[PDB]
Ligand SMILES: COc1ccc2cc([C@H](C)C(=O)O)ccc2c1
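As structure tokens, one chain now follows by itself in the form deposited without the ligand.
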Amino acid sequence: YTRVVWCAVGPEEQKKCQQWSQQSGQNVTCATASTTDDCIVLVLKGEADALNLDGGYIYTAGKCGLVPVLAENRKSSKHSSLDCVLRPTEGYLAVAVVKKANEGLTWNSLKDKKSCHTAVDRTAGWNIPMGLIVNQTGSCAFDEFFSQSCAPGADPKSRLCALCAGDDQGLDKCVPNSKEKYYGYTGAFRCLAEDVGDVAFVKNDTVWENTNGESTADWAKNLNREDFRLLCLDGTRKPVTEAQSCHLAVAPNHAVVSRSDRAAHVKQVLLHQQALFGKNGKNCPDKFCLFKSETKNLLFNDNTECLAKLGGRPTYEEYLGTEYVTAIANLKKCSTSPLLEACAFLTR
């Protein structure tokens, strides 16, 4: 138990992880499963040590006994002097994104509309919007709010997966990993852009990164960010530049989780793996780049500078925050998770 076993979600993340493994000199090793839930189970079983997770998936990890180790830190706005690994994290902005053309679409008219989600149980994709919808309507029938959606991880037969497109061969529709066309921050924005859905629940950063020649890929090549607007809670629409006052909520940053008996080991190993393969480390881009992907947002968000430290060994609760923990728990009163039920049974 000196090798750190990384859990990779789907085959695209498996490739990057294999590459990482070789260059690490087996200091880091790979297990795979097809979903993040499946990977959380591997860590519980001891068939893997760690992966990097959306705050939403950190809630599942936490309820099953896992702890946060290090957080994603992206480019800040100020305090450039302090070292990235010591520089306090900020936390992204969950926004609802429409095409300006879609006329008279506000927060207050989303009922019966078409939705694109990162995946079920992710913070910007699901917890935040569906938390607010459920609370506003006083109804747990979130599964019938949108006429149709692509929400990878949902029931593949339901209206919540109706819009999902699968891989190149239209196969594995709605499976929550990179191979599904509309999976993730990128996939959900691409679902809005190809006008398959009226609204997309992503983070502010995703909107910028795939408009005004900022991404090479074709679906996003010619996209211009005056053709997109942000929905605000009050009802108003605002330009994508207004996210600071037209966001649904502030999300905690994606973080690495492991068993509590492996945190310190995983911490120490990953700091060293960063100094090697991070943004400004000895062997990027010479050998291998840990925070860059052949496709997009594999193991870590491409927008990641470093993995940063946390204050005083925090619980998943302390990490995510009292308020976002109450919102998730409240939304989850409307659903049943076999994973959470198992974990309640075998952590009591």
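Start at 1 and count along the sequence shown; that's the residue number.
The form deposited with the ligand bound exists for this protein as well; it is not shown, and the discussion that follows is about that form.
Residues within 4.5 angstroms of the ligand in the entry with it bound, judged by any non-hydrogen atom, belong to 85-93 and to none of the other stretches in 164-172, 194-202, 109-117, 85-93.
Judged against the ligand in the entry with it bound with a 4.5 angstroms heavy atom cut-off, the residues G10, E13 and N52 are out of contact without exception. Shown alone here, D302 lies farther than 4.5 Å from the ligand in the entry with it bound, counting heavy atoms only. Interface residue remark: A251 is counted as part of the site for the ligand in the entry with it bound, having a heavy atom within 4.5 Å.
Not displayed here, the ligand is kept clear of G65 by more than 4.5 Å at the level of heavy atoms in the entry with it bound. A residue is said to contact a partner when one of its heavy atoms sits within 4.5 Å of a partner heavy atom; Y319 meets this definition for the ligand in the entry with it bound.
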